[PDB]
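*Asks:* Structure in structure tokens, see below.
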Amino acid sequence: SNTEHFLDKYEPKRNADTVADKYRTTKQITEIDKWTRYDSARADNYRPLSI
Amino acid sequence: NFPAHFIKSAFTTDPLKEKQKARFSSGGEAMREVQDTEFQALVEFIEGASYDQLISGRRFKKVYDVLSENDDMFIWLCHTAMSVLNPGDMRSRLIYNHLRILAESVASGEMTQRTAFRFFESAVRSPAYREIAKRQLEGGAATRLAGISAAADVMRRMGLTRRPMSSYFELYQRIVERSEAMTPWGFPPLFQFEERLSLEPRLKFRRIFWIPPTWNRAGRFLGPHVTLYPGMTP
Amino acid sequence: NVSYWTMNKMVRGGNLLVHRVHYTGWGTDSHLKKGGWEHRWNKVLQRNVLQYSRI
Amino acid sequence: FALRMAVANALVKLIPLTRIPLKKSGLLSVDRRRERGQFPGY
Amino acid sequence: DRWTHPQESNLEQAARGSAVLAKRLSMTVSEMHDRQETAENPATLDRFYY
Amino acid sequence: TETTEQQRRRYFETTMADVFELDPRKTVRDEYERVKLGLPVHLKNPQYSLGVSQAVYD
Amino acid sequence: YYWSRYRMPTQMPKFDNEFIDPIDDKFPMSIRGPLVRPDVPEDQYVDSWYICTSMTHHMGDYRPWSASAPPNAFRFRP
Amino acid sequence: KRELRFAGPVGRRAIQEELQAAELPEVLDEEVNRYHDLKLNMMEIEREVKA
Amino acid sequence: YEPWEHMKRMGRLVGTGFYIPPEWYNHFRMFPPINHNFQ
Amino acid sequence: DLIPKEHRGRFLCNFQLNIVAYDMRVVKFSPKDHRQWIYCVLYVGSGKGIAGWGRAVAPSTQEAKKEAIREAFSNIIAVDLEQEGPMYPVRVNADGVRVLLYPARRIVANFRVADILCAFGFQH
Amino acid sequence: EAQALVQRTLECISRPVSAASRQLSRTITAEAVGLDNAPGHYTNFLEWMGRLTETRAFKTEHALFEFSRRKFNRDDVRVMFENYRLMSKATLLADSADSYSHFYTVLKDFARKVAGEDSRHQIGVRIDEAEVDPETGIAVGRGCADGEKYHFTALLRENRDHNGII
Amino acid sequence: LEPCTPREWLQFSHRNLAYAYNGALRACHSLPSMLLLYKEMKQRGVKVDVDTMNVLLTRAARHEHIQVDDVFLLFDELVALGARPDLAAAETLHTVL
């Protein structure tokens, strides 16, 4: 949230280990996607003109 | 009688056909037209829980083998035999060094576990070791706990474990088993270990079918997925 | 339009395209499951004849 | 039994908190029992 | 020696050698070099259990 | 183009000197490494001030 | 010939009661899950002819349940 | 070490005088021969040239 | 099938000069296996 | 993988193999006669003074030979080659096989045993 | 009040004893280990092992031992798979640099399950939101019996005249 | 776990998440971690119960740097979220006041 909340006062102190722990789930897009044989042989989603 | 199918790949190819096959299909054409073992086994096994895979016993057996392939059982046997010794007696020092060398050789793989067990049983059936263990048990206060804890620590330090800190969990298991009074401390069952090692070279401690039935083979069968008496899913 | 022996042979072989169901049921068809042979008979009659105006 | 199951489901949909008593009494639990199908053998 | 080296006709030995020739032709230069599949080193064709 | 990466790192540390109350030599250094790697620090840190955010974006 | 079409040979794979694999079949049910196929929507399966199993009309390429319902759908309802 | 082995008088003297103070390991000629006779990795060569 | 027999076999195998001895051979030469007789 | 782990990278001599014999035996895994396996006996050796012998049953000839070689390398034994042979008679009775090995300035035995003597390196 | 306060302070300061540590301390005795005439040494060993049980490596080893013994289930396998999917590749490399971090990431809550640190919460009958029609106040329910023979749909509405019927 | 199968949707049980989070709060013995978990709980959509309010109040009443005004603000926030102020919570508020 972009608005300060009164409970945020009692949050745990920002320690370097915990700061590095909030980026663990940050995954790169090349890791997100994977190109397979189905992708290589995928059919056209539109109507082709010639093969 | 029986037609020749020739399932061998070397009995169905001839130079005359290969001459025309090579021009159309070759390495260049194919290139043009085409584009931590424990942890790896564990992730391979658990990836079967995906939406497009199933849990298979093959992967679990593989990861179990990868986890149990070590000789930490024999190393812990040797070091538990060493724990009962007296750090002051010269005979006990000789036995301790002999058993430490045996354990190191087992860990390094220089000596096969069968001959290592021969050495271990010959060392632990000697009268000197038996007398030392008897004195150790007779003493009102003994050094067995310190000996086994130091054995775990040296197993970590000397790299005699698959992972650095597995020895301490193994020590915890050893203590909780000692709470059961299975055998006196320092008197392992040699007959039991011999029976184990005679068979196993390394000491350790709606049906799914790969071939679906065919219509000719099975008369009245539908399949492993069909439900004859289904319910109403919310 | 073949005998039981011929039909069984063609089913055990790969000569007819049929879909095996339970040997002691009514099958996939809702008309069969909701009355049986006579009900499917009546439905066939209704489709063939008893839907036209017949001027 | 079918009527009771339908009424229990309707009650659960209407008042959510009634789900616990009916479920504990097994009124939304369907039984998959089915009479034997036709077969000339028998 | 007869058991270890079964006799085979030349018309079939030629086919057997052509099979490995075709496999090496299909393989790329880097694959052959890494796997040590060369004109002098033997290369396996089939290996299965039944 | 005439300022080295060590200079850039020191400048980033000077800009974010008082952004973490705990260990600066580790917190700010890890922040700079993640920023240079390209992680969405702006998205994950909405509390940063205008100057801190501008320095991170630059 | 006409029969010349039915002569393409298939090469054997390269390695390194009946019909059942003991290792996979004897795996505990409570761990393996009472499933014989991936839990994808049933519209992707077609009862195979002459074989007592169900294959997919799309060779592999399984689509999850979320690929058929609108985004963030409750119980995959439309 | 192989370069020093196959170098001439002036070059090998320069190498020896420059490395007389560096704490180089005592390497037998057998290790050098083994390393030199090890075949190159064609896959690594392909990766490097593609990169 | 004896520690002494294994040691003797390894020793006479090394004595040929065409077998690199393992470390445990020299280590057991230093600390011989415990004997059961002579008591 | 033919050479066992304890012998891995320790032999400094190029061994040679000798196949003594082949035959066919019957293996019965089931209560009935299960199948037939080829029984191969062989021995590997080098003239430097190292030799071993093996015997194995396997479904195929090549697999039987490989298993016999593995057993031979597991059971390899050696002798000291300083006098190129023994220096005193040795008489051994093993399962009724009475074998006498004696010193001599020449290698004296039938060919089947002379091959073994050459494998061990006993030229005398 | 002083004895109560010192007791409370001791309870608060005392480190949380793990379930495995408590089980070992209860099952084992100084006589079984032979340190009968050594209370100090016995207590030292007990504290040493109890505090060593709380490390991440011990939990990872125990979880892997239970996995080898095959004491998990489908839910545990799915949780492990989701934990593995959650972590990124750079994080995977960083945790595999350590000997146990990558294993513990995928065995998380499973080491907790086998160590007993898991929360003890009551799982009751599922309660879902009402599916009543906003305009008519009609709830629809289903009833099936005897296979495809008895099928009924129940429409239920509130009656504010207290004269409701079926 | 987010349900990706109809069988999982049959047990998603958005109400039972309240019991799960109450158990988690009772398991955690640190107020900052408890409050972080409560923030996740209230931004996820979990229907907060009376038990979670009781545990939150009884853990916030004993804190090194806690403010009674903040405790009452937390109570008001929980009541507005939907928790029922039972007698245990009433007495905890009474002793804090």
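Simple scheme: letters A, B, ... for chains in structure tokens order, numbers from 1 for residues in each chain, numbers from 1 for ligands in the order shown.
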Would you mind listing what lies within 12 Å of residue G:78 as a list in words, with only C-alpha atoms counted and same-chain residues fewer than 2 positions away left out?
*Replies:* residues 65, 66, 67, 68, 69, 70, 71, 72, 73, 74, 75 and 76 of chain G
*Asks:* Let's have the selection written as a compact mmCIF listing (two decimals), in the first residue's frame, with N, CA and C atoms.
*Replies:*
# COMPACT_ATOMS: atom_id res chain seq x y z
N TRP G 65 -7.23 -26.47 -15.76
CA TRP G 65 -8.63 -26.09 -15.61
C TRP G 65 -8.82 -24.59 -15.77
N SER G 66 -7.83 -23.79 -15.39
CA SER G 66 -7.94 -22.34 -15.49
C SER G 66 -7.89 -21.84 -16.93
N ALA G 67 -7.56 -22.71 -17.89
CA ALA G 67 -7.54 -22.32 -19.29
C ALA G 67 -8.91 -22.38 -19.95
N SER G 68 -9.93 -22.86 -19.24
CA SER G 68 -11.29 -22.94 -19.77
C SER G 68 -12.25 -21.95 -19.14
N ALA G 69 -12.02 -21.57 -17.89
CA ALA G 69 -12.86 -20.63 -17.17
C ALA G 69 -12.36 -19.21 -17.36
N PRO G 70 -13.22 -18.22 -17.15
CA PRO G 70 -12.78 -16.82 -17.18
C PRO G 70 -11.72 -16.57 -16.12
N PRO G 71 -10.93 -15.51 -16.24
CA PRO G 71 -9.88 -15.25 -15.25
C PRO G 71 -10.45 -15.08 -13.85
N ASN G 72 -9.75 -15.66 -12.88
CA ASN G 72 -10.13 -15.59 -11.47
C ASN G 72 -11.56 -16.07 -11.24
N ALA G 73 -11.95 -17.13 -11.95
CA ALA G 73 -13.29 -17.68 -11.81
C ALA G 73 -13.40 -18.51 -10.53
N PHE G 74 -14.57 -18.45 -9.90
CA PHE G 74 -14.83 -19.22 -8.70
C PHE G 74 -15.26 -20.63 -9.08
N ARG G 75 -14.54 -21.64 -8.57
CA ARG G 75 -14.80 -23.04 -8.87
C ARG G 75 -14.80 -23.32 -10.37
N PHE G 76 -14.07 -22.51 -11.13
CA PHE G 76 -13.97 -22.62 -12.58
C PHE G 76 -15.33 -22.50 -13.26
*Asks:* Taking only C-alpha atoms into account, what are the residues of chain C at most 12 Å from chain K, put as a ChimeraX atom specification?
*Replies:* /C:26,30,33-35
*Asks:* Residues near residue G:61, anyone? I mean within 12 Å using only C-alpha atoms, not counting same-chain ones fewer than 4 positions away, as a ChimeraX atom specification.
*Replies:* /A:36-39,41-42 /B:51-53 /G:38,40,44-45,55-57
*Asks:* I need the contact residues of chain L against chain B, so if you could list those with any atom within 12 Å, counting only C-alpha atoms, and return them as a list in words, that would help.
*Replies:*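 Selected residues: residues 3, 4, 5, 6, 7, 8, 9, 10 and 11 of chain L.
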*Asks:* For the selection just defined, write its residues with N, CA and C atoms to a file, as a PDB file, in the first residue's frame.
*Replies:*
ATOM      1  N   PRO L   3      -6.698 -23.072  -5.038  1.00  0.00           N
ATOM      2  CA  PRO L   3      -7.285 -24.239  -5.712  1.00  0.00           C
ATOM      3  C   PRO L   3      -7.140 -24.139  -7.224  1.00  0.00           C
ATOM      4  N   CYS L   4      -6.524 -25.162  -7.819  1.00  0.00           N
ATOM      5  CA  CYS L   4      -6.392 -25.271  -9.266  1.00  0.00           C
ATOM      6  C   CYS L   4      -7.149 -26.469  -9.826  1.00  0.00           C
ATOM      7  N   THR L   5      -7.919 -27.160  -8.993  1.00  0.00           N
ATOM      8  CA  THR L   5      -8.715 -28.313  -9.376  1.00  0.00           C
ATOM      9  C   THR L   5     -10.067 -28.195  -8.689  1.00  0.00           C
ATOM     10  N   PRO L   6     -11.138 -28.711  -9.303  1.00  0.00           N
ATOM     11  CA  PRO L   6     -12.439 -28.692  -8.613  1.00  0.00           C
ATOM     12  C   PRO L   6     -12.417 -29.367  -7.252  1.00  0.00           C
ATOM     13  N   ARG L   7     -11.631 -30.435  -7.090  1.00  0.00           N
ATOM     14  CA  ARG L   7     -11.521 -31.064  -5.779  1.00  0.00           C
ATOM     15  C   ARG L   7     -10.926 -30.099  -4.762  1.00  0.00           C
ATOM     16  N   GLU L   8      -9.958 -29.285  -5.188  1.00  0.00           N
ATOM     17  CA  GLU L   8      -9.380 -28.286  -4.296  1.00  0.00           C
ATOM     18  C   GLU L   8     -10.365 -27.155  -4.017  1.00  0.00           C
ATOM     19  N   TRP L   9     -11.174 -26.787  -5.013  1.00  0.00           N
ATOM     20  CA  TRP L   9     -12.217 -25.794  -4.780  1.00  0.00           C
ATOM     21  C   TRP L   9     -13.251 -26.298  -3.784  1.00  0.00           C
ATOM     22  N   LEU L  10     -13.473 -27.612  -3.744  1.00  0.00           N
ATOM     23  CA  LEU L  10     -14.394 -28.193  -2.775  1.00  0.00           C
ATOM     24  C   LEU L  10     -13.898 -28.078  -1.339  1.00  0.00           C
ATOM     25  N   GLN L  11     -12.633 -27.712  -1.128  1.00  0.00           N
ATOM     26  CA  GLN L  11     -12.107 -27.508   0.213  1.00  0.00           C
ATOM     27  C   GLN L  11     -11.464 -26.143   0.410  1.00  0.00           C
TER      28      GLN L  11
END
*Asks:* When you draw a straight line from atom CA of residue K:35 to atom CA of residue B:82, how long is it in Å?
*Replies:*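 Separation between atom CA of residue K:35 and atom CA of residue B:82: 17.7 Å.
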*Asks:* Set the distance at 7 Å and use only C-alpha atoms: which residues neighbour stretch 10-22 of chain D once local chain neighbours fewer than 4 positions away are removed? I'd like the list as a JSON list (two decimals) with C-alpha atoms, in the first residue's frame.
*Replies:*
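File produced: part.json:
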[["chain", "number", "residue", "atom", "x", "y", "z"],
["D", 6, "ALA", "CA", -32.37, -31.37, -2.45],
["D", 26, "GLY", "CA", -24.90, -36.42, 6.57],
["D", 27, "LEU", "CA", -27.78, -34.89, 4.61],
["D", 28, "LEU", "CA", -25.65, -33.56, 1.73],
["K", 125, "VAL", "CA", -17.01, -28.09, 7.75],
["K", 127, "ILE", "CA", -18.64, -22.68, 4.89],
["K", 128, "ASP", "CA", -19.29, -20.86, 1.62],
["K", 129, "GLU", "CA", -21.11, -17.63, 0.85],
["K", 130, "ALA", "CA", -24.84, -17.68, 0.17],
["K", 131, "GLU", "CA", -25.94, -18.19, -3.44],
["K", 132, "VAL", "CA", -29.39, -16.67, -2.92],
["K", 139, "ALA", "CA", -31.88, -20.67, -3.30],
["K", 140, "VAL", "CA", -31.50, -23.63, -5.66],
["K", 141, "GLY", "CA", -30.42, -27.07, -4.48],
["K", 154, "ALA", "CA", -35.40, -27.51, -4.85],
["K", 155, "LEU", "CA", -36.25, -23.81, -4.95],
["K", 156, "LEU", "CA", -36.39, -22.32, -1.45]]
*Asks:* Wanna dump the chain E-chain H contacts at 9 Å for me, each residue with its shortest atom pair and the distance in Å to one decimal, counting only C-alpha atoms, ordered by chain and number, as CSV?
*Replies:*
residue,atom,partner,partner_atom,distance
E:29,CA,H:42,CA,8.2
E:30,CA,H:42,CA,5.0
E:31,CA,H:43,CA,7.4
E:32,CA,H:42,CA,8.9
E:33,CA,H:42,CA,6.3
E:34,CA,H:42,CA,6.1
*Asks:* Any chance you can output those residues with N, CA and C atoms as a PDB file, in the first residue's frame?
*Replies:*
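Done, and the output landed in selection.pdb:
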ATOM      1  N   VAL E  29      29.265 -32.139 -36.380  1.00  0.00           N
ATOM      2  CA  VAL E  29      30.709 -32.200 -36.169  1.00  0.00           C
ATOM      3  C   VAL E  29      31.033 -32.181 -34.680  1.00  0.00           C
ATOM      4  N   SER E  30      30.404 -31.266 -33.939  1.00  0.00           N
ATOM      5  CA  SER E  30      30.699 -31.130 -32.518  1.00  0.00           C
ATOM      6  C   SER E  30      30.270 -32.368 -31.742  1.00  0.00           C
ATOM      7  N   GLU E  31      29.102 -32.923 -32.073  1.00  0.00           N
ATOM      8  CA  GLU E  31      28.635 -34.127 -31.397  1.00  0.00           C
ATOM      9  C   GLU E  31      29.598 -35.285 -31.623  1.00  0.00           C
ATOM     10  N   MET E  32      30.039 -35.471 -32.869  1.00  0.00           N
ATOM     11  CA  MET E  32      30.987 -36.539 -33.172  1.00  0.00           C
ATOM     12  C   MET E  32      32.297 -36.339 -32.424  1.00  0.00           C
ATOM     13  N   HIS E  33      32.823 -35.111 -32.441  1.00  0.00           N
ATOM     14  CA  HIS E  33      34.102 -34.857 -31.789  1.00  0.00           C
ATOM     15  C   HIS E  33      34.017 -35.106 -30.290  1.00  0.00           C
ATOM     16  N   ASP E  34      32.936 -34.653 -29.650  1.00  0.00           N
ATOM     17  CA  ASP E  34      32.803 -34.853 -28.212  1.00  0.00           C
ATOM     18  C   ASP E  34      32.590 -36.321 -27.865  1.00  0.00           C
TER      19      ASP E  34
END
*Asks:* Can you tell me which residues surround stretch 38-47 of chain L at a distance of at most 12 Å, considering only C-alpha atoms, apart from same-chain residues fewer than 2 positions away, and format the answer as an MDAnalysis selection string?
*Replies:* (chainID A and resid 1 5:8 10:11) or (chainID K and resid 127:129) or (chainID L and resid 2 12:26 28 31:36 49:53 55:56 74 77:84)
*Asks:* Check every residue of chain G for an atom within 12 Å of chain A, counting only C-alpha atoms, and provide those that qualify as number ranges by chain.
*Replies:* G: 58-62
*Asks:* May I have the residues from that selection written out with N, CA, C and O atoms, as a short mmCIF file (atom, residue, chain, number, x, y, z; two decimals), in the first residue's frame?
*Replies:*
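Listed below is the output, selection-v9.cif:
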data_model
loop_
_atom_site.label_atom_id
_atom_site.label_comp_id
_atom_site.auth_asym_id
_atom_site.auth_seq_id
_atom_site.Cartn_x
_atom_site.Cartn_y
_atom_site.Cartn_z
N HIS G 58 -5.65 -33.76 -28.31
CA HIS G 58 -4.41 -33.03 -28.53
C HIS G 58 -3.27 -33.85 -27.96
O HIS G 58 -3.27 -34.17 -26.76
N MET G 59 -2.30 -34.20 -28.80
CA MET G 59 -1.19 -35.04 -28.37
C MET G 59 -0.37 -34.32 -27.31
O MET G 59 0.32 -33.34 -27.60
N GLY G 60 -0.43 -34.81 -26.07
CA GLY G 60 0.15 -34.07 -24.97
C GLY G 60 -0.53 -32.72 -24.83
O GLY G 60 -1.75 -32.60 -24.96
N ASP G 61 0.27 -31.69 -24.57
CA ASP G 61 -0.19 -30.31 -24.55
C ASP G 61 -1.42 -30.14 -23.66
O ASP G 61 -2.44 -29.57 -24.06
N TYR G 62 -1.33 -30.67 -22.45
CA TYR G 62 -2.44 -30.58 -21.51
C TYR G 62 -2.69 -29.13 -21.12
O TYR G 62 -1.76 -28.35 -20.91
#
*Asks:* Tell me the residues of chain I close to chain B, meaning within 8 Å using only C-alpha atoms, as a PyMOL selection string.
*Replies:* chain I and resi 1-3+22-24+27-28+31-36
*Asks:* Name the closest residue to residue J:81 among the candidates J:49, J:4, J:59, J:103; distances are taken between atoms, counting only C-alpha atoms.
*Replies:*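 Closest to residue J:81 of all the choices is J:49.
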*Asks:* Using DSSP assignments from the backbone, pull out every residue in chain E that falls under helix (DSSP H, G or I) and give it to me as a list in words.
*Replies:* residues 10, 11, 12, 13, 14, 15, 16, 17, 18, 19, 20, 21, 22, 23, 24, 25, 26, 29, 30, 31, 32, 33, 34 and 35 of chain E
*Asks:* I need the residues from that last selection saved to file as a PDB file, in the first residue's frame (with C-alpha atoms), if you can.
*Replies:*
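What landed in again12.pdb:
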ATOM      1  CA  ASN E  10      29.702 -59.284 -47.110  1.00  0.00           C
ATOM      2  CA  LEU E  11      26.367 -58.063 -48.494  1.00  0.00           C
ATOM      3  CA  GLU E  12      25.204 -57.612 -44.880  1.00  0.00           C
ATOM      4  CA  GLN E  13      28.508 -56.340 -43.474  1.00  0.00           C
ATOM      5  CA  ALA E  14      28.245 -53.538 -46.036  1.00  0.00           C
ATOM      6  CA  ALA E  15      24.777 -52.695 -44.708  1.00  0.00           C
ATOM      7  CA  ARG E  16      26.084 -52.755 -41.137  1.00  0.00           C
ATOM      8  CA  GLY E  17      28.886 -50.336 -42.002  1.00  0.00           C
ATOM      9  CA  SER E  18      26.502 -48.121 -43.944  1.00  0.00           C
ATOM     10  CA  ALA E  19      24.260 -47.864 -40.883  1.00  0.00           C
ATOM     11  CA  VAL E  20      27.069 -46.311 -38.833  1.00  0.00           C
ATOM     12  CA  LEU E  21      28.079 -44.156 -41.815  1.00  0.00           C
ATOM     13  CA  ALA E  22      24.535 -42.771 -41.980  1.00  0.00           C
ATOM     14  CA  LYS E  23      24.394 -42.229 -38.215  1.00  0.00           C
ATOM     15  CA  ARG E  24      27.663 -40.277 -38.289  1.00  0.00           C
ATOM     16  CA  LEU E  25      26.428 -38.275 -41.288  1.00  0.00           C
ATOM     17  CA  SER E  26      23.288 -37.354 -39.342  1.00  0.00           C
ATOM     18  CA  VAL E  29      30.709 -32.200 -36.169  1.00  0.00           C
ATOM     19  CA  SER E  30      30.699 -31.130 -32.518  1.00  0.00           C
ATOM     20  CA  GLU E  31      28.635 -34.127 -31.397  1.00  0.00           C
ATOM     21  CA  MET E  32      30.987 -36.539 -33.172  1.00  0.00           C
ATOM     22  CA  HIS E  33      34.102 -34.857 -31.789  1.00  0.00           C
ATOM     23  CA  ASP E  34      32.803 -34.853 -28.212  1.00  0.00           C
ATOM     24  CA  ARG E  35      31.437 -38.410 -28.309  1.00  0.00           C
TER      25      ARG E  35
END
*Asks:* Taking 2 positions as the minimum chain separation for residues in the same chain, which residues sit within 6 Å of stretch 13-25 of chain J when counting only C-alpha atoms? Answer as a PyMOL selection string.
*Replies:* chain J and resi 11+36-46
*Asks:* If you measure from atom CA of residue G:64 to atom CA of residue G:41, what distance in Å do you get, rounded to one decimal?
*Replies:*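 Between these atoms lies a distance of 7.2 Å.
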*Asks:* Would you work out the distance separating atom CA of residue B:64 from atom CA of residue K:68, expressed in Å to one decimal?
*Replies:*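 So the answer is 5.8 Å.
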*Asks:* When you get a sec, could you note down which chain F residues fall within 10 Å of chain A, using only C-alpha atoms, as a ChimeraX atom specification?
*Replies:* /F:20-31,34,39-41,44-47
